[PDB]
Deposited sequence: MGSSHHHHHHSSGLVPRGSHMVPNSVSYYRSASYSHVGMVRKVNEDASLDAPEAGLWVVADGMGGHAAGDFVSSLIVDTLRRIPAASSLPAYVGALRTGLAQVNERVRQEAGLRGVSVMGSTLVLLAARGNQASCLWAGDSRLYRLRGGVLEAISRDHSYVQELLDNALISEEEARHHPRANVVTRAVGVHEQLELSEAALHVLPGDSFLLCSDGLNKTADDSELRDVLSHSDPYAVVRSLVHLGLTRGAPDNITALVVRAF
């Protein structure tokens, strides 16, 4: 019952309103690493931060021990946070940051690190389950389609100390995972995500998710990254 192999695919689209894609992704199954980052601040700001995230995380050496790897990912994100803070302060801009959601896998164990309203879902036995929980003003109100949905309470470059949320996962053969920016779940509810994810091919699945989003007016940059365990 141990997990042998991870298949993955990613697809992003600027959408139907924005003309600059500030979404970024890293599809590195060769390092057991999958990342989606939703940049904010417009061109030369949001995409700057999201691309810096994916490039910094890509260069981290793939340590065999998942907990050590996760420690290294955390440190890399802290360094990205500090660099973005320095740059934003220098330019004097109000908005310069990016959400993050990553999944790192080693055999039968995986870890999710996230900050923002980019999500990780797990599909197991045809049942979809939200692993991450939005760092959003709305989510805090719900924990106690809302107009306060544009307020992200944690993301890279927002605060001095970046506080990442973490969730550990036991992976079974046949498990599926979806990393996405809010542009997808904003245009398809969780039951439709479960429907589209219930297919064998991650490449067709991510393209079908983005297509459904585009079909419903794609108000935001829409990115989907699907991982399947064997």
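- Several segments of the deposited sequence have no coordinates for C-alpha: 1-23, 168-176, numbered from the first residue.
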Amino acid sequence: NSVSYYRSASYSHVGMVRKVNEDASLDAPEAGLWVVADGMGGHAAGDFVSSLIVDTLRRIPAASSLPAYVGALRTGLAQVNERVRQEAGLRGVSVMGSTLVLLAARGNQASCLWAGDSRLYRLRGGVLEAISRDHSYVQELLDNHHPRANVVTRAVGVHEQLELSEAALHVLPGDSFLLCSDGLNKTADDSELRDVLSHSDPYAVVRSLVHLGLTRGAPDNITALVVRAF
From here on, numbers count along this sequence of modelled residues.
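- Higher mean CA B-factor, judged across 60-68 and 175-183 from the recorded values: 60-68.
- The PDB entry records a higher mean C-alpha B factor for 36-44 than for its counterpart among 23-31 and 36-44.
- For the set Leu113, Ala88, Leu123, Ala105, the PDB entry assigns the largest Cα B-factor to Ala88.
- Residue-level inspection of the entry shows that, of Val101, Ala130, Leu73, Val151, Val151 has the top Cα B-factor.
- For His146, the recorded CA B-factor ranks within the highest third of the chain. Only modelled residues enter the ranking.
- When the modelled residues of the chain are ordered by their C-alpha B factor, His159 lands in the highest third.
- When the CA B factors of the chain's modelled residues are split into thirds, the value for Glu166 lands in the lowest one.
- Per the PDB record, residue ranking by Cα B-factor puts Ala9 in the lowest third of the chain.
- Looking at the C-alpha B-factors along this chain, the one for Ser118 belongs to the lowest third.
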